[PDB]
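In: experimental structure and sequence below, a few questions after.
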Number of protein chains: 2
Amino acid sequence: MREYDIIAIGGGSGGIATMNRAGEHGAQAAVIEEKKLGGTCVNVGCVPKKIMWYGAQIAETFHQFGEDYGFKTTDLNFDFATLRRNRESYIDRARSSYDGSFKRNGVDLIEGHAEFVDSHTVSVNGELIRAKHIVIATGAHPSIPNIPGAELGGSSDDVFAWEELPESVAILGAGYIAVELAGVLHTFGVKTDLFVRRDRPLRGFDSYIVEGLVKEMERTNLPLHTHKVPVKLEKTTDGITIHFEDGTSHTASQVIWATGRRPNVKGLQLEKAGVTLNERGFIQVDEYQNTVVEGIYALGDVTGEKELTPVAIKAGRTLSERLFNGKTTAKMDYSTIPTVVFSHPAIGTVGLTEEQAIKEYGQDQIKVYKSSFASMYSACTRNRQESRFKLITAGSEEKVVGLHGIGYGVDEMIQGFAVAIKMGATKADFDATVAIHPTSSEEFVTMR
Amino acid sequence: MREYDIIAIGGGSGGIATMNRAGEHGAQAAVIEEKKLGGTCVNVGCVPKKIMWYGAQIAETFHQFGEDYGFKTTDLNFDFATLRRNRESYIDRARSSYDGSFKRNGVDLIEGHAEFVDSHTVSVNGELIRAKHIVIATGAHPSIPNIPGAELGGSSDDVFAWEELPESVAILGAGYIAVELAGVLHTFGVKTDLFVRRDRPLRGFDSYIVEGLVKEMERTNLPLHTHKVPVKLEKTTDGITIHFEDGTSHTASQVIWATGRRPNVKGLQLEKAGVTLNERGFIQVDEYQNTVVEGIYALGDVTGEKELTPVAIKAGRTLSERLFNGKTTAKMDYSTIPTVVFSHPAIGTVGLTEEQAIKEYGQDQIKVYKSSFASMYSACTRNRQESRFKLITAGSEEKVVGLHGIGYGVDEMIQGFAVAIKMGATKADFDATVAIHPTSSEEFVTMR
Ligand SMILES: Cc1cc2nc3c(=O)[nH]c(=O)nc-3n(C[C@H](O)[C@H](O)[C@H](O)COP(=O)(O)OP(=O)(O)OC[C@H]3O[C@@H](n4cnc5c(N)ncnc54)[C@H](O)[C@@H]3O)c2cc1C
Ligand SMILES: Cc1cc2nc3c(=O)[nH]c(=O)nc-3n(C[C@H](O)[C@H](O)[C@H](O)COP(=O)(O)OP(=O)(O)OC[C@H]3O[C@@H](n4cnc5c(N)ncnc54)[C@H](O)[C@@H]3O)c2cc1C
């Protein structure tokens, strides 16, 4: 029968976070996980991507900047197997830390595929498991568009699975994963082509910032192809050929689908428990992460409020504070969540885009500040790399409702500004703060 | 007799920023400069140092991290002359950019040593220049101690003057310039020793962060010598020998004094204007930058409130707003200024140290949050580089009165938090802000 106070279906960012903090306040917890522990982020997401990004930044330095700083090489050889071995070694050590936290806080790891039997019970390898509280944190999977020959194209999971880098690659998609992988593989020397469906990449991100990314792709000869709707994929002697709606076609060794991600909802027997989906296909929940069935909760990518790791972690930790530390009205705040996209160079954003702020406050009520400049790092070399910053203010007092940036060092500067912006910072609060020179971050506090 | 609404004695950070903003509001302004336009920051300070720091960061990247990211070379070859040429080309262009900003704002560039005649007149090369408003922004000079043979040792000016790197150098000092130069030159393969007079470098920075720097110096074999009081310098056949009070001695090709910087107050005929000095040797001014004489002002390093480039720039711009834009009470806020030391790795700080917080608020009203870790960048490699973060809170509300960091990326993460801390951010405001994963900056918002 198996007795636990609370269980988590899924051992990813959300599941680990919720059960550790539940166990921290003296609850009997259990995590149920199909694949490896740690979920998408540890195994096939944030961690391996960022390690490969750092590798690409070194390749960039060697090839682009080194000569004009007085460094010249003789036989600069890149061994990807060496990077991959050390990438996976770091993931192995990070995955073991999570096992140590389970055992310390009194959380049982149960390897297997969970499946609802009734509203308080789940089935794992035949054996039933019962609990008053059940957290569905099953995460997400890559979206494969329904067209002929789509199975021939791989996904982000296949990119980290690669033991050697292919000759060429064709990336289909316009989101953050597409731009990240395109930048990394291009810098490593793979014949990388990116195909977006309409207009430009990152249509949710601010245009001024994305325009800076497009300019950087032109300058590094990373071919971007706009208005490319894929109709069909097909096998050839060269590899895989893509057929587009406009008329043209293109061929490469590998083809990667990176259009979006959809929630894991289908293999759970949600009708037996009584758990309903919302209209968009995510698990329906309220502001406190409660499903329609009491005693069952959902959070992380499966609920789809904001598909990020620390969103799942805080949502998870906040839920366990509510259930086991008496914080009755405690809930996740989904506004003003900062994001960084590790493109070449990195994009950073928090708050509203210009178009979001117009709909929210009114067209007349929004002011905008822009700053184009080159960083000192790149600007004293052949390869001048443009940075672009933007601040969006609202009201008579000019409340900073959006901050956006692309450039060297942007990845590390957003966190502090996110704290300021969530407190209700005005333009006057920014301008009163003295600059740190010489940095790129000082541009945000000296805009006119 | 040439006449102006306002003039600046000195064409550095303070002087240029004051006259450009004065000219922006229609006042006929002029900048008077002895040596090179741009001042200490552009020609022999922030700019050449940061370019050399970036050069050193590339050297660190290839030697310590390259191999484990899959990069190897038959021979890595460094040529300082190429770095210096491009460094000075960037400085040539930055210096040329001021000529464009002068033509827009209507600012005349006068060249020569200025010198007071009376309270409203100066002399440059015999020609008398009268003005209603005179701004003293003469800056500072490297301090050379008074001991036998002190002339044999140079300063930071001489480090940037170098066409070739010497074989060995001895840096005598404990401040930010000593630590910055010691790190850069050590990374470029110069036999570099750092000699501090007392217990540790960087008195006034937080012990936890400084302890982290000392640990990195010892790990990378950059000798730090403590309790080393120079009594004498002596020219020898070996090189230049330093004799210390403890009876030991040390020899090197060059010796660099980095003991501190003093204001330029002696060449101006300040007695003829009626401008006085305070007990510390700086020009005496009030909170509005007014001297004891009407229509004469002083700002930047010569007044010594906080010796940084953006402090001189903001104070100067605030002064011109007061005089030429009807904002009679406008003044420079000198409290809670953020600072970054470009050591290896970079140190960043805003607000109070732990000692300072205890002295202000008392021992039992202060909570301290610490965090020691290795960045993901270095954690994949042989050479695990340690980062150290520290928050200091005060009172029942836990107002963040200090933030400190040392580690990869710290240089760019401070600016945002400085805005937040200046607004009166609490620990609750930090903990409410969602983390950006995977970064180093997220550690500040997840401390427990
Ligand atoms: C390439 C890539 C890069 C990314 N980079 C970033 C980044 O830089 N920053 C960032 O914040 N986010 C990033 N993300 C998103 C981030 O990985 C997710 O938001 C996060 O992993 C969500 O955590 P979760 O717990 O909701 O789901 P997951 O971490 O995916 O965990 C779900 C787990 O549950 C298991 N599971 C599913 N169904 C069952 C079942 N029936 N029984 C038992 N177990 C089950 C799965 O095997 C899986 O391990 C990235 C994603 C990808 C694909
Ligand atoms: C090695 C080094 C590194 C530094 N790094 C940093 C850093 O990273 N960040 C930072 O914020 N700050 C840094 N500083 C400090 C910064 O450079 C100064 O605080 C800043 O330049 C001060 O500006 P100022 O206008 O007060 O004086 P300055 O910029 O020094 O300008 C004074 C000018 O006045 C001229 N002058 C003097 N007397 C006369 C006269 N009688 N007539 C005409 N002209 C005259 C001088 O020639 C000089 O050009 C650094 C300093 C040094 C030495």
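Out: Received the coordinates, thanks. Numbers count the residues shown, from 1 in each chain, chains lettered A, B, ... in the order given. Ligands and ions are numbered 1, 2, ... in the order given.

In: neighbours of the residue in the stretch 101-250 of chain A positioned nearest to ligand 1, how many?
Out: Closest residue of the stretch 101-250 of chain A to ligand 1, Cβ to the nearest ligand atom: residue A:139 (2.5 Å). Every C-beta, even on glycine, is put in place using the N, C-alpha and C of the backbone. Using other Cβ atoms under 10 Å in any protein chain shown, residue A:139 is surrounded by 23 other residues.

In: that one and ligand 2, how far apart?
Out: 45 Å (Cβ to the nearest ligand atom, to the nearest Å).

In: do residue A:322 as well
Out: Residue A:322 is 47 Å from ligand 2, by Cβ to the nearest ligand atom.

In: so which strand or helix has that residue?
Out: helix A:309-324 (DSSP states H and E).

In: hey, where'd the strands end up in the stretch 251-400 of chain A?
Out: Using DSSP state E, counting those that start in this stretch, the strands found in the stretch 251-400 of chain A span residues A:254-257, A:261-263, A:296-298, A:339-341, A:347-351, A:366-374, A:386-394, A:399-406.

In: can you redo these as JSON lines with mean neighbour count and distance to residue A:177?
Out: Conversion of the strands of the stretch 251-400 of chain A to JSON lines gives the following (neighbours: other Cβ atoms under 10 Å in any protein chain shown; distance: least, Cβ to Cβ, whole Å):
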{"stretch": "strand A:254-257", "mean neighbour count": "24", "distance to residue A:177": "9"}
{"stretch": "strand A:261-263", "mean neighbour count": "20", "distance to residue A:177": "8"}
{"stretch": "strand A:296-298", "mean neighbour count": "26", "distance to residue A:177": "23"}
{"stretch": "strand A:339-341", "mean neighbour count": "21", "distance to residue A:177": "9"}
{"stretch": "strand A:347-351", "mean neighbour count": "26", "distance to residue A:177": "13"}
{"stretch": "strand A:366-374", "mean neighbour count": "15", "distance to residue A:177": "27"}
{"stretch": "strand A:386-394", "mean neighbour count": "23", "distance to residue A:177": "22"}
{"stretch": "strand A:399-406", "mean neighbour count": "25", "distance to residue A:177": "17"}
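
In: break chain A down into its domains, please.
Out: A:1-142+A:260-335, A:143-259, A:336-448 (curated CATH domains).

In: name the element the residue of the stretch 301-448 of chain A found nearest ligand 2 belongs to?
Out: Across the stretch 301-448 of chain A, the shortest distance to ligand 2 (Cβ to the nearest ligand atom) belongs to residue A:437, at 4.5 Å. Assigned by DSSP H and E, residue A:437 falls within no helix or strand.

In: just to revisit the earlier point, in contact with the residue of the stretch 101-250 of chain A closest to ligand 1, which residues?
Out: A:10, A:12, A:14, A:39-40, A:263-264, A:300-302 (Cβ atoms under 8 Å, 6 or more residues apart in numbering or on different chains).

In: and if you look at residue A:253?
Out: With Cβ under 8 Å, 6+ apart, residue A:253 has these contacts: A:166-169, A:238-240.

In: give me the buried subset of the residues you listed.
Out: Burial by neighbour count, judged by 16 or more other Cβ atoms under 10 Å in any protein chain shown, picks out A:168-169, A:239-240 from those.

In: now, those residues that are in strands?
Out: A:168-169, A:240 (DSSP state E).

In: which one of these is nearest residue A:107?
Out: residue A:169 (39.9 Å; Cβ to Cβ).

In: chain neighbours aside, what residue packs nearest to that closest one?
Out: residue A:254 (4.7 Å; Cβ to Cβ, 6 or more residues apart in numbering or on different chains).

In: before we move on, what about residue A:410?
Out: residue A:348 is the one closest to residue A:410 (Cβ to Cβ, 6+ apart), at 4.1 Å.

In: hey, what's the one you found bridged with?
Out: residue A:340, residue A:405 (DSSP bridges).

In: tell me who's in contact with it.
Out: Residue A:348 touches A:338-341, A:404-406, A:410-411, A:413-414, counting by Cβ under 8 Å, 6+ apart.

In: then residue A:409?
Out: A:346, A:375, A:439-441, B:409, B:411-412.

In: how about 10 Å then?
Out: For residue A:409, the residues meeting the contact criterion (Cβ atoms under 10 Å, 6 or more residues apart in numbering or on different chains) are A:345-346, A:348, A:375, A:377, A:387, A:439-441, B:409, B:411-413.

In: do the same with residue A:269
Out: Applying Cβ under 10 Å, 6+ apart, the residues contacting residue A:269 are A:114-118, A:122-123, A:275.

In: can you give me the helices in the stretch 1-150 of chain A?
Out: Applying DSSP state H, counting those that start in this stretch to the stretch 1-150 of chain A gives helices spanning A:13-24, A:39-44, A:46-60, A:80-105.

In: surely the residue nearest to residue A:169 is in contact with residue A:162?
Out: Yes - proximity of residue A:254 to residue A:162 meets the contact threshold set by Cβ atoms under 10 Å, at 8.3 Å.

In: can you report how many residues neighbour residue A:54?
Out: 23.

In: rewinding a little: surely the residue of the stretch 301-448 of chain A closest to ligand 2 touches residue B:46?
Out: Yes - the pair residue A:437 and residue B:46 passes the contact test of Cβ under 10 Å, sitting 5.8 Å apart.
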